[PDB]
Structures are given as C-alpha cells and as structure tokens.
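I have placed the structure first, in the form of structure tokens, so that the comments after it can refer back to it.
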Amino acid sequence: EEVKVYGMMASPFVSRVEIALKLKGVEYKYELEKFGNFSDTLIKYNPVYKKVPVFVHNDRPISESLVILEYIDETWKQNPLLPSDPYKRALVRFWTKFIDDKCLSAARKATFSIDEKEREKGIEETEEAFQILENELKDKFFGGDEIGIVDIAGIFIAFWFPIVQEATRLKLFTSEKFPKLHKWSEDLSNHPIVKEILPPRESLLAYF
Amino acid sequence: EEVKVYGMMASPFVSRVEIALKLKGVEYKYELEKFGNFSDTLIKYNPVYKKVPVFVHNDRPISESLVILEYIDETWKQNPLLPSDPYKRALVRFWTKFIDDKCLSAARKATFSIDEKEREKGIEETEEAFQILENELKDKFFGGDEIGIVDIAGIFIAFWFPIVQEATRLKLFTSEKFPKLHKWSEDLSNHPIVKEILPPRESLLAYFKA
C-alpha cells in the first residue's frame, strides 16, 4: 500500500532512487528534508548516518542509496536494472563501486580553489578508466539497451557534472577529450519520466 | 575444475574471500603476490584497482572483495550466505557497507601517530553502534545460525584489531567495553573453518611490532 521517500530538491543520490523507482511504475510519496538540520522521523529511520536518501515502505526503512537500488530491482520485477546472469551482475556491481570511487572527481572539480585544486589529476584518468572499458556508443549504453544500474549509479556524471564545471570554469568534459561518453550524457535528456526527476538545467547553473 | 584466488599471505580481504569460498565446500588454488610491485598476469586481471584479492575461475576474474563474496553465493548455493527476503538481503549488504565504510576507523587508531590518533573517536561509537544495534549474543552471531556475510566483512575486527593495537599501546577493545562483540570475537576461535585460513596469532603479533 504505502511507499515513502525522504530527500532534498537536488541530491544526485535521491535522484538515483526516484528514477529506478519510477521506471518500475511505482507510486511514491516524497517528503522533503532540510539542507542543514533534518527532521526526527527521518533521523529515527537513519540514526546511524542521518543522511538522505532514506527509503521506507509500509513504514520499514532502507537507508543508503546503492543498497536501495538493489532492493527495488528484486521486489518489483518490471524493467530489471541489474543483469540477470550472476557473473555479469557481479561485474556490474564492481562498476557502481568504481562510480562511487570516481565521485572523488566531483570532490576536486567543484569544492576547491587556487592551488589545492591542481594538486589533482585523477578525474582525467577515470574518464579514460571509463570509456575505454565500458562501451556506451558502439552499442546502446551500459546494462543492455535500456537503463541499467550502472547508468543510474553514475547520474552525477550524466547530469550534475556538466553543470558544475561552471564553478571551476573548466572544460574537461567535451567531445574533444572524452567523446564516447559525452554523447552518453544524453542519459540526462531521454526518458519521458527521467525527464524531470532531474531539476531544471538553468536553475542549477545559478547555484554554482 | 579450476578456481583461483590471487592475494598475499595475510590480507584481511583475502581472508574474507577464502572463508566464504571455503564454507561452500569448494577447492581453490592460491597464488601469492609481491608486497611491493606486483605481476603482469594479475594486473591483466585487475587493470582498474590493481589491488588483491582478485578472484578468478574458468579464466573469469572478479576484482574487488565484497562483490566476490556475493558471487560465490549465487552459483554455489549450498548453505546460502545472503538472506532470501529482499529486505534483510538489503540490510545484510547495508551492514557490509557500513563495516567497510568505517574501515578507515580501524586504520586510524593503529598505524598513525601523535595527534591523528586521538583525533579519532569514531571506533568507540561504531563499536557501540555495533552491539547496541546488533544484539547477537541473543542468538548465534550475525546472519542466521551459521556464518553470514556481515561476519566475514568484519573479520578485521574479529582477528586483526585485537592484534593491531599493541603498536599504539591502546586498550580500546576489551570485553568490559564491548561484551556482545568481544564474545563474538571468539568467532575466530570457534568454528572449524575461520580457524585455518587465519594465520598464527603470535606470528602475526611479531609483524606489527616493527
């Protein structure tokens, strides 16, 4: 009967839950939370981290985002996210690990300045440590022809990353340096439902 | 026929695979690795992370350690390691995730010095944020009646951490502070399996004091 999400206006983690949940064809109340100090009924549901996205249904919570994704894929078996073969499903998880390791690309092209920035290099390796292994324009994108988990796990690349370099004024991400997955970023655009769960394009530019 | 693990002589992660791999009643050839710079036929199997344990069988590698445990459960299903219900299957993975999310806590107050030591205090919260929520002297240890996945993910507590403090001369870990899980630490001693892939304790004690 009941299915309840806890999250903010623009967390890429709260996004990765909603998309997965929305492809499933599942309804969901959405209750917002404060950027700073949160509510109590959520901190009761994640007293450990006190972090969104927290996902509950019939009052039973599931904290942390990458574990939520793997819950919903084997509860509603409409539009599978994860591969069906135990080995390629094992490979697929190895990449969501890597996408989570890669996220440290955001923590260096966003929240730094001056010299403490260019004590960096990793992002350029990851994008190559990407493309050159995954293949998302020789055939479709990641997990089969439609949206897989690795796609959703990397939406802070497909959408949020293009919109952040306008805090470093950087042009790392372009069809001259990383062509194979710049056209993959199109993941942002398509899907007449994913097509919102993502906020407006120009509004976010203001925030950075 | 063939099944291969690649790793070092006493990595807590390489232990974490082998026990899991052992419970199922599965053989495994074992190839050792260089403390410093590694071989090529391993980095051909793990060009991305370049850290053991790398696990292969029928030439098909699986790098990264917590995913290997979940691989062995799904083709070799005798005494299942993961829960059957999608919720507790989510929690048990939610718990491996926390144990591994914390892990820089164990490596904080152990192999560091001066200020960066007592700049930790997370260990004492997590160790309480362990037993104050686990409550597994109520029944067995973690996941069900036999060894469950959450246990193996936290073997760097059950074995290494007890050893590892007598380099900073710390006494954080005692049965007086964490009784539900100090008595759990005897997961190592009990159980005819965790026993043997775990090296000697007194040999290991020598390594850290150096």
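The values are calculated or read from the model by the stated rules, or taken from the named source; no laboratory read-out is quoted. Cβ placement follows ideal geometry from the backbone for every residue including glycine, while neighbour counts extend to all protein chains displayed.
The rows are residues; the columns are (1) more than 10 Å from chain B (Cβ to nearest Cβ); (2) buried (at least 18 other Cβ atoms within 10 Å of the Cβ).
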residue: A:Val26; (1), (2): yes, no
residue: A:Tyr30; (1), (2): yes, no
residue: A:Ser39; (1), (2): yes, no
residue: A:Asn46; (1), (2): yes, yes
residue: A:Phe55; (1), (2): no, yes
residue: A:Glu64; (1), (2): no, yes
residue: A:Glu74; (1), (2): no, no
residue: A:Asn79; (1), (2): yes, no
residue: A:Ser84; (1), (2): yes, no
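Among the residues of the stretch A:86-110, how many are away from chain B (no Cβ under 12 Å) and of a type in the set (S, T, N, Q)?
The number of residues fulfilling the criteria is 1.
The conditions are (1) under 18 Å from A:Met8 (Cβ atoms); (2) touching a residue at least 60 places away in the same chain (Cβ under 8 Å); (3) exposed (fewer than 14 other Cβ atoms within 10 Å of the Cβ), and A:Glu196 fails exactly one of them. Which is it?
For A:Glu196, the exception is condition (2).
Going by the structure shown, is B:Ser113 within 14 Å of chain A (Cβ to nearest Cβ), exposed (fewer than 15 other Cβ atoms within 10 Å of the Cβ) and outside any helix (DSSP H, G or I)?
No.
In the stretch A:44-51, is there at least one residue being free of Cβ contacts under 8 Å to residues at least 12 places away in the same chain, under 29 Å from B:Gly122 (Cβ atoms) and out of contact with any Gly (no Cβ under 6 Å at 6 or more places or on another chain)? Walk me through it before giving the result.
At the first step, the residues of the stretch A:44-51 found to be free of Cβ contacts under 8 Å to residues at least 12 places away in the same chain are A:44, A:47.
Then drop every residue that is not under 29 Å from B:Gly122 (Cβ atoms), which leaves A:44, A:47.
Okay, now just the ones that are also out of contact with any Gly (no Cβ under 6 Å at 6 or more places or on another chain), so A:44, A:47.
Yes: one or more hits.
What are the residues in the stretch A:123-137 that are loosely packed, with under 15 Cβ neighbours inside 10 Å and within 14 Å of another protein chain (Cβ to nearest Cβ), if any?
Listed by number, the residues that qualify are A:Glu125, A:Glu128, A:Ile132, A:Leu133.
Just one of A:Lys29, A:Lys34, A:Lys22, A:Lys4 is closer than 22 Å to B:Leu91 by Cβ and of a type outside the set (A, V, I, L, M, F, W, C); which is it?
Values: A:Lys29 fails: closer than 22 Å to B:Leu91 by Cβ; A:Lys34 fails: closer than 22 Å to B:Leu91 by Cβ; A:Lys22 fails: closer than 22 Å to B:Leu91 by Cβ.
When all the criteria are applied, what remains is A:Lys4.
Within the stretch A:31-39, is even one residue part of a loop (DSSP other than H, G, I, E, B) and among the charged types (D, E, K, R)? If you could, list the steps in order and put the result at the bottom.
Looking only at the stretch A:31-39, we keep the residues that are part of a loop (DSSP other than H, G, I, E, B), and these are A:33-39.
From the residues that got through so far, the ones that are among the charged types (D, E, K, R) too are A:33-34.
Yes, that holds for at least one residue.
Which of the numbered conditions does B:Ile62 fail, given that it passes all the others? Conditions: (1) part of a strand (DSSP E or B); (2) farther than 28 Å from B:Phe142 by Cα.
B:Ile62 satisfies all of (1) part of a strand (DSSP E or B); (2) farther than 28 Å from B:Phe142 by Cα except (2).
So A:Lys22 ticks every box in (1) touching a helix residue (DSSP H, G or I) at 6+ places or on another chain (Cβ under 6 Å); (2) assigned to a helix (DSSP H, G or I); (3) farther than 21 Å from A:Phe208 by Cβ but one. Which box is left unticked?
Of (1) touching a helix residue (DSSP H, G or I) at 6+ places or on another chain (Cβ under 6 Å); (2) assigned to a helix (DSSP H, G or I); (3) farther than 21 Å from A:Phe208 by Cβ, only one is false for A:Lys22: (1).
Condition check ((1) in contact with a helix residue (DSSP H, G or I) (Cβ under 9 Å, 6 or more places away or on another chain); (2) more than 15 Å from B:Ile99 (Cβ to Cβ); (3) among the β-branched types (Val, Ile, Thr)) across all residues:
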{"residue": "B:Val164", "(1), (2), (3)": "yes, yes, yes"}
{"residue": "B:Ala167", "(1), (2), (3)": "yes, yes, no"}
{"residue": "B:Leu170", "(1), (2), (3)": "yes, yes, no"}
{"residue": "B:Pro192", "(1), (2), (3)": "no, yes, no"}
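Any residue that is of a type in the set (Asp, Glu) and either outside any helix (DSSP H, G or I) or within 20 Å of A:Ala110 (Cα to Cα) (or both) - is there at least one of those in the stretch A:179-201?
Here is the first cut: in the stretch A:179-201, the ones of a type in the set (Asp, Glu) are A:186-187, A:196.
Next cut, either outside any helix (DSSP H, G or I) or within 20 Å of A:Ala110 (Cα to Cα) (or both) only: none.
No, the stretch A:179-201 contains no residue that is of a type in the set (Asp, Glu) and either outside any helix (DSSP H, G or I) or within 20 Å of A:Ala110 (Cα to Cα) (or both).
Can you tell me which of (1) farther than 25 Å from A:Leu133 by Cα; (2) surrounded by 16 or more Cβ atoms within 10 Å (Cβ to Cβ); (3) among the hydroxyl-bearing types (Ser, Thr, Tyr) is the one A:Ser203 doesn't meet?
(2)
As an exercise: evaluate B:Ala107 against (1) of a type in the set (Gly, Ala, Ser); (2) part of a helix (DSSP H, G or I); (3) under 14 Å from the mean Cα position of the chain (by Cα) and give the number of the one condition it does not meet.
Against the list (1) of a type in the set (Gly, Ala, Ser); (2) part of a helix (DSSP H, G or I); (3) under 14 Å from the mean Cα position of the chain (by Cα), B:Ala107 comes up short only on (2).
When you check A:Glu125 against the structure, is it within 16 Å of A:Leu104 (Cα to Cα) and either of a type outside the set (A, V, I, L, M) or assigned by CATH to the domain that holds A:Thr96 (or both), yes or no? I'd like the intermediate steps shown before the answer.
Values: within 16 Å of A:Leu104 (Cα to Cα): yes; either of a type outside the set (A, V, I, L, M) or assigned by CATH to the domain that holds A:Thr96 (or both): yes.
In short, yes.
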